>>> print(open('data.csv').read())   # CSV, C-alpha atoms and all ligand atoms
chain,number,residue,atom,x,y,z
A,1,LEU,CA,29.6,-24.4,81.5
A,2,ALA,CA,27.3,-24.1,84.5
A,3,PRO,CA,25.0,-27.1,84.0
A,4,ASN,CA,21.4,-27.0,85.2
A,5,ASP,CA,21.4,-30.2,87.3
A,6,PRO,CA,19.3,-29.2,90.4
A,7,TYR,CA,21.8,-30.5,93.1
A,8,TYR,CA,25.0,-29.5,91.3
A,9,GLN,CA,25.5,-26.1,92.8
A,10,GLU,CA,24.9,-26.9,96.4
A,11,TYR,CA,26.4,-30.3,96.6
A,12,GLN,CA,29.2,-30.8,94.0
A,13,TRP,CA,32.1,-28.8,95.4
A,14,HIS,CA,34.3,-31.5,94.1
A,15,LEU,CA,33.5,-30.3,90.6
A,16,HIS,CA,33.4,-26.5,91.0
A,17,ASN,CA,34.9,-25.3,94.3
A,18,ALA,CA,37.8,-22.9,93.7
A,19,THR,CA,40.1,-24.6,96.4
A,20,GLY,CA,39.0,-28.2,96.4
A,21,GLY,CA,37.4,-28.8,93.0
A,22,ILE,CA,38.9,-30.0,89.7
A,23,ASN,CA,38.1,-26.9,87.6
A,24,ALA,CA,35.3,-28.8,85.8
A,25,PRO,CA,33.2,-25.8,84.6
A,26,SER,CA,36.1,-24.5,82.4
A,27,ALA,CA,37.1,-28.0,81.2
A,28,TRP,CA,33.5,-28.6,80.0
A,29,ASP,CA,33.8,-25.6,77.6
A,30,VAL,CA,36.4,-27.6,75.8
A,31,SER,CA,35.5,-31.3,76.3
A,32,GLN,CA,32.9,-33.6,77.9
A,33,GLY,CA,34.6,-36.9,76.9
A,34,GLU,CA,32.5,-37.8,73.9
A,35,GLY,CA,33.7,-40.9,72.0
A,36,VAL,CA,35.7,-42.3,74.9
A,37,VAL,CA,35.0,-45.4,77.0
A,38,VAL,CA,35.9,-45.6,80.7
A,39,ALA,CA,35.8,-49.0,82.3
A,40,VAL,CA,34.7,-49.0,85.9
A,41,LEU,CA,35.9,-52.1,87.7
A,42,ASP,CA,33.7,-52.1,90.9
A,43,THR,CA,30.6,-53.5,92.6
A,44,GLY,CA,28.6,-53.2,89.3
A,45,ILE,CA,25.9,-50.7,88.4
A,46,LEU,CA,22.2,-49.8,88.6
A,47,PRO,CA,21.8,-49.6,84.8
A,48,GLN,CA,18.4,-47.9,84.8
A,49,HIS,CA,19.3,-45.1,87.2
A,50,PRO,CA,17.5,-42.1,85.5
A,51,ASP,CA,20.6,-40.0,85.8
A,52,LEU,CA,22.9,-42.6,84.2
A,53,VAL,CA,20.7,-44.1,81.4
A,54,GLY,CA,22.2,-43.0,78.0
A,55,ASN,CA,25.9,-43.1,79.2
A,56,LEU,CA,26.3,-46.8,80.0
A,57,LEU,CA,27.4,-49.9,78.0
A,58,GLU,CA,26.1,-53.3,78.9
A,59,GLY,CA,29.4,-54.4,80.4
A,60,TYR,CA,30.0,-57.8,82.1
A,61,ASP,CA,30.1,-59.5,85.5
A,62,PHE,CA,33.4,-61.3,86.2
A,63,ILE,CA,32.6,-62.6,89.6
A,64,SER,CA,33.0,-66.3,89.4
A,65,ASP,CA,31.4,-67.2,92.8
A,66,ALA,CA,27.6,-67.3,93.3
A,67,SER,CA,27.9,-66.4,97.0
A,68,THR,CA,29.9,-63.2,96.1
A,69,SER,CA,27.9,-62.2,93.0
A,70,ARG,CA,24.5,-63.2,94.6
A,71,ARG,CA,23.7,-64.8,91.2
A,72,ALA,CA,22.5,-68.3,90.7
A,73,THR,CA,25.8,-69.7,89.3
A,74,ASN,CA,29.6,-69.2,89.4
A,75,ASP,CA,29.4,-68.3,85.8
A,76,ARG,CA,30.5,-64.9,84.5
A,77,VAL,CA,27.7,-63.3,82.6
A,78,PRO,CA,26.9,-60.3,80.3
A,79,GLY,CA,25.8,-57.1,82.1
A,80,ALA,CA,27.0,-55.6,85.4
A,81,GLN,CA,23.8,-55.3,87.5
A,82,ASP,CA,24.8,-54.7,91.1
A,83,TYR,CA,22.8,-57.3,93.2
A,84,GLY,CA,23.9,-55.6,96.4
A,85,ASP,CA,27.0,-56.3,98.4
A,86,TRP,CA,25.4,-56.1,101.9
A,87,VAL,CA,26.5,-58.4,104.7
A,88,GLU,CA,24.0,-59.1,107.4
A,89,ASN,CA,26.3,-60.2,110.2
A,90,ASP,CA,29.4,-59.1,112.0
A,91,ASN,CA,32.5,-61.2,111.3
A,92,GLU,CA,31.1,-62.9,108.1
A,93,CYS,CA,33.9,-61.5,105.9
A,94,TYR,CA,36.9,-61.6,108.1
A,95,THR,CA,37.2,-61.9,111.9
A,96,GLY,CA,36.4,-58.3,113.1
A,97,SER,CA,34.2,-57.2,110.2
A,98,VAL,CA,30.9,-55.4,110.9
A,99,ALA,CA,27.5,-55.8,109.1
A,100,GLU,CA,27.0,-53.2,106.3
A,101,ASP,CA,24.2,-52.2,104.0
A,102,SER,CA,24.7,-52.5,100.3
A,103,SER,CA,27.2,-49.8,99.0
A,104,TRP,CA,26.0,-49.3,95.4
A,105,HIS,CA,29.7,-48.1,95.3
A,106,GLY,CA,30.0,-48.8,91.5
A,107,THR,CA,27.0,-46.7,90.7
A,108,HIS,CA,28.5,-43.7,92.6
A,109,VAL,CA,31.9,-44.1,91.0
A,110,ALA,CA,30.3,-44.4,87.6
A,111,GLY,CA,28.4,-41.2,88.3
A,112,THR,CA,31.6,-39.3,89.0
A,113,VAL,CA,32.8,-40.6,85.6
A,114,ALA,CA,29.8,-40.0,83.4
A,115,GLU,CA,26.6,-38.9,85.2
A,116,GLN,CA,24.2,-37.3,82.8
A,117,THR,CA,24.8,-33.5,83.0
A,118,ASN,CA,22.8,-30.4,82.1
A,119,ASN,CA,19.7,-32.7,81.9
A,120,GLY,CA,17.8,-31.0,84.7
A,121,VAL,CA,18.0,-34.1,86.8
A,122,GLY,CA,20.0,-34.8,90.0
A,123,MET,CA,23.8,-34.3,89.9
A,124,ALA,CA,26.5,-33.7,87.3
A,125,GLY,CA,29.4,-35.9,86.2
A,126,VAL,CA,32.9,-35.2,84.8
A,127,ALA,CA,33.1,-37.0,81.4
A,128,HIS,CA,29.4,-36.7,80.9
A,129,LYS,CA,29.4,-37.5,77.2
A,130,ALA,CA,31.7,-40.5,77.6
A,131,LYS,CA,30.4,-44.0,78.1
A,132,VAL,CA,31.0,-46.1,81.2
A,133,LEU,CA,31.8,-49.8,80.6
A,134,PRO,CA,30.7,-51.3,83.9
A,135,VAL,CA,32.7,-54.4,84.8
A,136,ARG,CA,31.5,-56.1,88.0
A,137,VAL,CA,34.3,-57.6,90.1
A,138,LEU,CA,33.2,-56.9,93.7
A,139,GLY,CA,30.3,-58.4,95.6
A,140,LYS,CA,29.6,-59.7,99.0
A,141,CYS,CA,32.7,-59.3,101.1
A,142,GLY,CA,34.6,-58.1,98.0
A,143,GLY,CA,36.1,-60.2,95.2
A,144,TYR,CA,38.9,-62.3,93.8
A,145,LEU,CA,42.2,-61.2,92.3
A,146,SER,CA,41.8,-63.6,89.3
A,147,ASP,CA,38.4,-62.0,88.5
A,148,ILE,CA,39.8,-58.5,88.8
A,149,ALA,CA,42.9,-59.4,86.7
A,150,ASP,CA,40.8,-60.8,83.8
A,151,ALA,CA,38.5,-57.8,84.1
A,152,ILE,CA,41.5,-55.5,83.5
A,153,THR,CA,42.5,-57.7,80.5
A,154,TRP,CA,39.0,-57.7,79.0
A,155,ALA,CA,38.2,-54.0,79.7
A,156,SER,CA,41.3,-52.9,77.9
A,157,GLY,CA,40.6,-55.0,74.8
A,158,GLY,CA,42.6,-58.1,75.7
A,159,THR,CA,41.3,-61.7,75.3
A,160,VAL,CA,39.9,-63.7,78.2
A,161,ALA,CA,39.1,-67.4,77.9
A,162,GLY,CA,35.4,-67.9,78.4
A,163,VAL,CA,34.3,-64.3,77.6
A,164,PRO,CA,33.3,-62.9,74.2
A,165,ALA,CA,35.6,-60.2,72.8
A,166,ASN,CA,35.1,-56.7,74.1
A,167,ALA,CA,33.6,-54.7,71.4
A,168,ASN,CA,34.2,-51.5,73.4
A,169,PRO,CA,37.9,-51.5,74.6
A,170,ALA,CA,38.3,-48.7,77.1
A,171,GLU,CA,40.9,-45.9,76.9
A,172,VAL,CA,40.8,-45.6,80.7
A,173,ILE,CA,40.3,-48.1,83.6
A,174,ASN,CA,39.2,-46.9,87.0
A,175,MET,CA,39.9,-49.2,90.0
A,176,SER,CA,38.3,-47.8,93.1
A,177,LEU,CA,39.3,-51.0,95.0
A,178,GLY,CA,42.3,-52.5,96.6
A,179,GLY,CA,43.7,-54.4,99.6
A,180,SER,CA,46.9,-55.1,101.6
A,181,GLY,CA,50.0,-56.5,99.9
A,182,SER,CA,52.6,-55.5,97.3
A,183,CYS,CA,51.6,-55.7,93.7
A,184,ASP,CA,51.9,-59.3,92.6
A,185,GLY,CA,52.6,-60.8,89.1
A,186,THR,CA,48.9,-61.4,88.6
A,187,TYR,CA,47.9,-57.8,88.9
A,188,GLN,CA,51.1,-56.4,87.4
A,189,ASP,CA,50.8,-58.7,84.3
A,190,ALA,CA,47.1,-57.7,83.7
A,191,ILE,CA,48.0,-54.0,84.1
A,192,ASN,CA,51.0,-54.3,81.8
A,193,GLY,CA,48.7,-55.9,79.2
A,194,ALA,CA,46.2,-52.9,79.5
A,195,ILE,CA,49.1,-50.4,79.2
A,196,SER,CA,50.4,-52.3,76.1
A,197,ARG,CA,47.0,-51.8,74.5
A,198,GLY,CA,47.0,-48.0,75.1
A,199,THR,CA,44.8,-48.1,78.3
A,200,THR,CA,45.6,-45.7,81.2
A,201,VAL,CA,44.9,-47.4,84.5
A,202,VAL,CA,43.8,-45.1,87.4
A,203,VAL,CA,43.6,-46.5,91.0
A,204,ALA,CA,42.6,-45.3,94.4
A,205,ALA,CA,45.6,-45.0,96.8
A,206,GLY,CA,43.7,-46.5,99.8
A,207,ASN,CA,42.2,-45.2,103.0
A,208,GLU,CA,44.4,-46.6,105.8
A,209,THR,CA,46.3,-43.4,106.5
A,210,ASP,CA,49.3,-45.6,105.4
A,211,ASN,CA,52.0,-45.8,102.8
A,212,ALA,CA,50.4,-46.8,99.4
A,213,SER,CA,53.5,-49.0,98.8
A,214,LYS,CA,51.9,-51.6,101.1
A,215,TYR,CA,48.7,-52.0,99.1
A,216,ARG,CA,47.5,-53.2,95.6
A,217,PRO,CA,46.8,-52.2,93.0
A,218,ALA,CA,47.9,-48.8,94.5
A,219,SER,CA,51.6,-49.9,94.5
A,220,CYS,CA,51.6,-51.4,91.0
A,221,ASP,CA,53.9,-50.1,88.4
A,222,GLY,CA,52.5,-48.2,85.4
A,223,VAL,CA,49.3,-47.0,87.2
A,224,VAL,CA,48.1,-43.6,88.2
A,225,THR,CA,47.7,-43.8,92.0
A,226,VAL,CA,45.3,-41.2,93.4
A,227,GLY,CA,45.2,-39.7,96.9
A,228,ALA,CA,42.3,-37.9,98.4
A,229,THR,CA,41.8,-34.2,99.3
A,230,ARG,CA,39.2,-32.3,101.2
A,231,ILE,CA,37.0,-29.3,100.1
A,232,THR,CA,39.9,-27.3,101.8
A,233,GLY,CA,42.4,-28.7,99.3
A,234,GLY,CA,44.3,-30.5,102.1
A,235,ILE,CA,44.9,-34.2,102.8
A,236,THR,CA,41.9,-36.2,104.1
A,237,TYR,CA,42.3,-38.0,107.4
A,238,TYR,CA,42.2,-41.4,105.7
A,239,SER,CA,44.2,-40.9,102.5
A,240,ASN,CA,47.2,-43.2,101.9
A,241,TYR,CA,50.4,-41.4,101.0
A,242,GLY,CA,53.9,-41.9,99.8
A,243,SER,CA,56.2,-41.6,96.8
A,244,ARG,CA,53.9,-43.9,94.8
A,245,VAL,CA,51.0,-41.5,95.0
A,246,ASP,CA,51.0,-39.5,91.8
A,247,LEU,CA,48.4,-36.8,92.4
A,248,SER,CA,45.1,-36.3,94.3
A,249,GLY,CA,41.5,-35.8,93.5
A,250,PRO,CA,38.6,-34.7,95.8
A,251,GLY,CA,37.7,-37.6,98.0
A,252,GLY,CA,35.9,-35.8,100.8
A,253,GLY,CA,37.2,-35.1,104.3
A,254,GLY,CA,34.2,-36.8,106.1
A,255,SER,CA,32.5,-35.4,109.2
A,256,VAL,CA,35.0,-32.7,110.0
A,257,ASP,CA,33.9,-30.9,106.8
A,258,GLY,CA,30.1,-31.4,107.3
A,259,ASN,CA,27.3,-32.0,104.8
A,260,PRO,CA,27.7,-31.4,101.9
A,261,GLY,CA,31.4,-30.4,102.1
A,262,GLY,CA,32.8,-33.7,103.5
A,263,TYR,CA,31.4,-36.0,100.7
A,264,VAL,CA,31.3,-36.6,97.0
A,265,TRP,CA,27.8,-36.7,95.6
A,266,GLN,CA,26.5,-38.9,92.7
A,267,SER,CA,23.9,-41.3,91.6
A,268,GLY,CA,23.1,-44.2,93.9
A,269,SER,CA,20.3,-45.9,95.9
A,270,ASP,CA,19.0,-46.0,99.4
A,271,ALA,CA,18.4,-49.8,99.1
A,272,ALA,CA,19.8,-51.6,102.1
A,273,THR,CA,20.0,-55.1,100.5
A,274,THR,CA,18.7,-56.0,97.0
A,275,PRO,CA,18.1,-53.1,94.4
A,276,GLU,CA,14.4,-53.7,94.9
A,277,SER,CA,14.6,-53.0,98.6
A,278,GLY,CA,15.1,-49.3,97.9
A,279,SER,CA,14.9,-46.7,95.1
A,280,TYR,CA,17.2,-44.5,93.0
A,281,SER,CA,18.8,-41.6,94.9
A,282,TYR,CA,21.9,-39.4,95.2
A,283,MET,CA,24.4,-40.5,97.8
A,284,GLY,CA,27.3,-38.7,99.5
A,285,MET,CA,30.4,-40.9,99.9
A,286,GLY,CA,34.0,-40.2,100.9
A,287,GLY,CA,37.2,-42.1,100.0
A,288,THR,CA,40.2,-42.4,97.6
A,289,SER,CA,37.4,-44.4,95.8
A,290,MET,CA,35.8,-41.0,94.9
A,291,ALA,CA,39.1,-39.2,94.1
A,292,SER,CA,40.2,-41.8,91.5
A,293,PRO,CA,37.2,-41.4,89.1
A,294,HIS,CA,37.7,-37.6,89.0
A,295,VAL,CA,41.2,-38.4,87.6
A,296,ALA,CA,40.0,-41.2,85.3
A,297,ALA,CA,37.3,-38.9,83.9
A,298,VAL,CA,39.9,-36.1,83.3
A,299,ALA,CA,42.0,-38.6,81.3
A,300,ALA,CA,38.8,-39.3,79.3
A,301,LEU,CA,38.2,-35.5,78.7
A,302,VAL,CA,41.8,-35.3,77.4
A,303,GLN,CA,41.7,-38.3,75.0
A,304,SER,CA,38.3,-37.1,73.7
A,305,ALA,CA,39.5,-33.5,73.0
A,306,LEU,CA,42.5,-34.8,71.1
A,307,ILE,CA,40.4,-37.1,68.9
A,308,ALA,CA,38.1,-34.2,68.3
A,309,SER,CA,41.1,-32.2,67.0
A,310,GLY,CA,42.2,-35.2,64.9
A,311,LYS,CA,45.3,-35.5,67.2
A,312,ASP,CA,46.7,-38.8,68.5
A,313,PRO,CA,45.5,-40.0,71.9
A,314,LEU,CA,48.2,-40.0,74.6
A,315,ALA,CA,50.0,-43.2,75.5
A,316,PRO,CA,49.6,-44.2,79.2
A,317,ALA,CA,53.0,-42.8,80.3
A,318,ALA,CA,52.3,-39.5,78.6
A,319,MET,CA,48.8,-39.3,80.2
A,320,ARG,CA,50.2,-39.9,83.7
A,321,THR,CA,52.9,-37.3,83.1
A,322,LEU,CA,50.3,-34.8,81.8
A,323,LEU,CA,48.0,-35.3,84.8
A,324,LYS,CA,50.8,-34.8,87.3
A,325,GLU,CA,52.5,-31.8,85.5
A,326,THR,CA,49.1,-30.0,85.2
A,327,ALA,CA,47.8,-30.7,88.7
A,328,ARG,CA,46.9,-27.6,90.9
A,329,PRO,CA,49.5,-27.4,93.7
A,330,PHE,CA,47.7,-27.9,97.1
A,331,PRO,CA,46.3,-24.6,98.6
A,332,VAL,CA,47.0,-26.1,102.0
A,333,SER,CA,50.5,-27.5,103.0
A,334,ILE,CA,50.9,-31.3,102.8
A,335,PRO,CA,53.2,-32.7,105.5
A,336,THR,CA,56.5,-33.9,104.1
A,337,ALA,CA,55.9,-37.4,105.6
A,338,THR,CA,52.5,-37.8,103.9
A,339,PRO,CA,53.0,-36.8,100.2
A,340,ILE,CA,50.0,-37.2,98.0
A,341,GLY,CA,51.5,-36.3,94.6
A,342,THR,CA,52.0,-33.1,92.7
A,343,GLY,CA,48.6,-31.5,93.3
A,344,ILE,CA,44.9,-31.8,92.7
A,345,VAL,CA,43.9,-32.9,89.2
A,346,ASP,CA,42.9,-29.9,87.2
A,347,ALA,CA,40.7,-30.7,84.2
A,348,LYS,CA,41.1,-27.4,82.5
A,349,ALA,CA,45.0,-27.3,82.8
A,350,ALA,CA,45.2,-30.9,81.6
A,351,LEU,CA,43.2,-30.1,78.5
A,352,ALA,CA,45.1,-26.8,77.8
A,353,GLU,CA,48.5,-28.6,78.0
A,354,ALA,CA,47.3,-31.6,75.8
A,355,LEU,CA,46.0,-29.2,73.1
A,356,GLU,CA,49.0,-26.9,73.0
B,401,LIG,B1,36.9,-46.6,98.6
B,401,LIG,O1,35.6,-46.8,98.8
B,401,LIG,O2,37.5,-45.4,98.9
B,401,LIG,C1,37.7,-48.0,98.4
B,401,LIG,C2,39.2,-47.8,97.9
B,401,LIG,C3,40.1,-48.9,98.1
B,401,LIG,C4,41.4,-48.7,97.2
B,401,LIG,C5,40.5,-49.2,99.5
B,401,LIG,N1,37.1,-49.1,97.7
B,401,LIG,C6,36.7,-50.2,98.4
B,401,LIG,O3,36.8,-50.3,99.6
B,401,LIG,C7,36.0,-51.2,97.5
B,401,LIG,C8,34.5,-50.8,97.2
B,401,LIG,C9,33.5,-50.9,98.4
B,401,LIG,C10,32.7,-52.0,98.6
B,401,LIG,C11,31.8,-52.0,99.7
B,401,LIG,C12,31.8,-51.0,100.6
B,401,LIG,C13,32.7,-49.9,100.4
B,401,LIG,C14,33.5,-49.9,99.3
B,401,LIG,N2,36.1,-52.5,98.1
B,401,LIG,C15,37.3,-53.2,98.1
B,401,LIG,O4,38.3,-52.8,97.5
B,401,LIG,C16,37.3,-54.4,99.0
B,401,LIG,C17,36.2,-54.9,99.5
B,401,LIG,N3,36.2,-56.0,100.3
B,401,LIG,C18,37.4,-56.6,100.5
B,401,LIG,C19,38.5,-56.1,99.9
B,401,LIG,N4,38.5,-55.0,99.2
B,402,CA,CA,22.1,-35.0,86.0
>>> encode(input="data.csv", output="structure tokens", more="lines below")
Ligand SMILES: *[B]([O])([O])[C]([C][C]([C])[C])[N]C(=O)[C]([C]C1=[C][C]=[C][C]=[C]1)[N]C(=O)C1=[C]N=[C][C]=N1
Ligand SMILES: [Ca+2]
Amino acid sequence: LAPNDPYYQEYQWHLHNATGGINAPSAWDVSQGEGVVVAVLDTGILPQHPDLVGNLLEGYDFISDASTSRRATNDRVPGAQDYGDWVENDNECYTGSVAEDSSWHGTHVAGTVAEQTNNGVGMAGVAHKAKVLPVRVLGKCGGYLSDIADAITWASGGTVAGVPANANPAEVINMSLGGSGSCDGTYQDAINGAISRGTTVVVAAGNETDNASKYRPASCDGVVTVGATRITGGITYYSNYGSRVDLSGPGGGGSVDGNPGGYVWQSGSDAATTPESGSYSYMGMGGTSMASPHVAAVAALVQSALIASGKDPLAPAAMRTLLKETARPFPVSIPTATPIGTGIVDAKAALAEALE
């Protein structure tokens, strides 16, 4: 499938480039992810983005701190509206931090997963007939482990005290988020719960040019840890590495690769603070954050295709095995001391092997 989205051909190398893309055009002849739900645990979403409307569920906001959520109370509430995670001053978050505009990171990531495709608008997405379940866990200066842990539980169909039962348990969780430290019991237990319910958990390796073993949830057991490659098919300057990294997806090499080649392109906003301070747009972002949702979406394509053939969905361990075994070996040599898994996720190869 060559979809008709106006910016797809020029911008979205990460979908269709022969060295650095995930073989999406061929995959899309087989599956678009229909009937699957991917939970995006992130900064929230702009739910009326014209290129997302139709592929989103209401979701929920798990941030239990008014200052972080920019909401009026510390309550968790239905919906996942991103209120903006901007920070006006240097050093507000940690000693050393610098002021940043609102990321709309969750809307970008959600676009990689399920941006409306072949609709003659904006950009394409990978699992563009799936639904995204947005689960807002990050706000101003980030979020809290307890919020993220309960979000994992709820997203995967587990019970959380204080939140109504999830009517849309997700086959796949994407966490384009993390921080320093080995995986603790809190993360690991929530993740083990999701896995026990059949949910595959896909996470960003991190962007510290460091061993993924030193970060969480990257270093958690049972997860798919995703490094980042360039348009060239080689390691990005920022990607974390190590034996824990399972495979890579396109994350974008940044300025060395230019515009558009250095960035992944999806739905977002130019708003600097509140949603109202800007308008809907398409944004180019780089990171393991962008790589992870390509892999989460491919998982969704696989689960969907199987259901369509009346076959059983893959258990998490099988999904991770399939993603690794079917990845495209890197077209550029990866240095021995910075491994980033078995290859670049290959949407077509994954589908072909699952349907054999
Ligand atoms: B990514 O953008 O590549 C990245 C991956 C992560 C595993 C290191 N995600 C983040 O940095 C997320 C989302 C984000 C929010 C705002 C600006 C840019 C990105 N954030 C976090 O995980 C986070 C944020 N603040 C504190 C701690 N962690
Ligand atoms: Ca589109």
>>> closest_atom_pairs(input="data.csv", of="chain A", to="ligand CA 402 (chain B)", cutoff="8 Å", atoms="all atoms listed in the file", output="JSON lines")
{"residue": "A:5", "atom": "CA", "partner": "B:CA402", "partner_atom": "CA", "distance": 5.0}
{"residue": "A:6", "atom": "CA", "partner": "B:CA402", "partner_atom": "CA", "distance": 7.8}
{"residue": "A:51", "atom": "CA", "partner": "B:CA402", "partner_atom": "CA", "distance": 5.2}
{"residue": "A:52", "atom": "CA", "partner": "B:CA402", "partner_atom": "CA", "distance": 7.9}
{"residue": "A:115", "atom": "CA", "partner": "B:CA402", "partner_atom": "CA", "distance": 6.0}
{"residue": "A:116", "atom": "CA", "partner": "B:CA402", "partner_atom": "CA", "distance": 4.5}
{"residue": "A:117", "atom": "CA", "partner": "B:CA402", "partner_atom": "CA", "distance": 4.3}
{"residue": "A:118", "atom": "CA", "partner": "B:CA402", "partner_atom": "CA", "distance": 6.1}
{"residue": "A:119", "atom": "CA", "partner": "B:CA402", "partner_atom": "CA", "distance": 5.3}
{"residue": "A:120", "atom": "CA", "partner": "B:CA402", "partner_atom": "CA", "distance": 6.0}
{"residue": "A:121", "atom": "CA", "partner": "B:CA402", "partner_atom": "CA", "distance": 4.3}
{"residue": "A:122", "atom": "CA", "partner": "B:CA402", "partner_atom": "CA", "distance": 4.5}
{"residue": "A:123", "atom": "CA", "partner": "B:CA402", "partner_atom": "CA", "distance": 4.3}
{"residue": "A:124", "atom": "CA", "partner": "B:CA402", "partner_atom": "CA", "distance": 4.8}
{"residue": "A:125", "atom": "CA", "partner": "B:CA402", "partner_atom": "CA", "distance": 7.4}
>>> residues_near_ligand(input="data.csv", ligand="ligand LIG 401 (chain B)", cutoff="9 Å", atoms="all atoms listed in the file", output="PyMOL selection string")
chain A and resi 42-43+85-86+93+100-106+138-144+175-180+203-208+215-218+228+239+251+285-292
>>> residues_around(input="data.csv", residues="residue A:20", least_positions_apart="5", cutoff="9 Å", atoms="all atoms listed in the file", output="ChimeraX atom specification")
/A:13-15,229-234,249-250,330-331,344
>>> atom_distance(input="data.csv", atom1="atom CA of residue A:1", atom2="atom CA of residue A:173")
26.1 Å
>>> atom_distance(input="data.csv", atom1="atom CA of residue A:57", atom2="atom CA of residue A:132")
6.1 Å
>>> closest_residue(input="data.csv", among="A:303, A:146, A:338, A:112", to="residue A:237", atoms="all atoms listed in the file")
A:338
>>> residues_around(input="data.csv", residues="residue A:223", least_positions_apart="2", cutoff="8 Å", atoms="all atoms listed in the file", output="list in words")
residues 191, 200, 201, 202, 203, 218, 220, 221, 225 and 320 of chain A
>>> build_atoms(input="data.csv", residues="stretch 223-240 of chain A", atoms="N, CA and C atoms", output="compact mmCIF listing (two decimals), in the frame of the given file")
# COMPACT_ATOMS: atom_id res chain seq x y z
N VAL A 223 50.62 -47.51 86.90
CA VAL A 223 49.30 -47.00 87.20
C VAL A 223 49.35 -45.56 87.69
N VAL A 224 48.21 -44.86 87.60
CA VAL A 224 48.10 -43.60 88.20
C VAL A 224 47.44 -43.77 89.60
N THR A 225 48.21 -43.57 90.68
CA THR A 225 47.70 -43.80 92.00
C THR A 225 47.28 -42.44 92.61
N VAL A 226 46.04 -42.42 93.12
CA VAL A 226 45.30 -41.20 93.40
C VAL A 226 45.00 -41.09 94.87
N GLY A 227 45.59 -40.11 95.54
CA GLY A 227 45.20 -39.70 96.90
C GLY A 227 43.96 -38.88 96.92
N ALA A 228 43.53 -38.54 98.14
CA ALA A 228 42.30 -37.90 98.40
C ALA A 228 42.48 -36.55 99.11
N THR A 229 41.86 -35.48 98.61
CA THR A 229 41.80 -34.20 99.30
C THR A 229 40.43 -33.83 99.73
N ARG A 230 40.40 -32.83 100.61
CA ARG A 230 39.20 -32.30 101.20
C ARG A 230 38.73 -31.09 100.31
N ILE A 231 37.56 -30.56 100.70
CA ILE A 231 37.00 -29.30 100.10
C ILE A 231 38.07 -28.19 100.36
N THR A 232 38.89 -28.28 101.42
CA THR A 232 39.90 -27.30 101.80
C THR A 232 41.10 -27.33 100.84
N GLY A 233 41.28 -28.47 100.15
CA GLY A 233 42.40 -28.70 99.30
C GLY A 233 43.56 -29.40 100.00
N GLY A 234 43.37 -29.74 101.29
CA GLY A 234 44.30 -30.50 102.10
C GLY A 234 44.05 -32.00 102.08
N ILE A 235 44.98 -32.76 102.68
CA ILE A 235 44.90 -34.20 102.80
C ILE A 235 43.72 -34.63 103.67
N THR A 236 43.01 -35.68 103.27
CA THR A 236 41.90 -36.20 104.10
C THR A 236 42.57 -37.00 105.24
N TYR A 237 41.77 -37.29 106.28
CA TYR A 237 42.30 -38.00 107.40
C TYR A 237 42.70 -39.42 107.10
N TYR A 238 42.09 -39.99 106.05
CA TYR A 238 42.20 -41.40 105.70
C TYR A 238 43.16 -41.66 104.55
N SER A 239 43.46 -40.64 103.72
CA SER A 239 44.20 -40.90 102.50
C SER A 239 45.53 -41.60 102.81
N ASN A 240 45.82 -42.63 102.02
CA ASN A 240 47.20 -43.20 101.90
C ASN A 240 48.05 -42.13 101.20
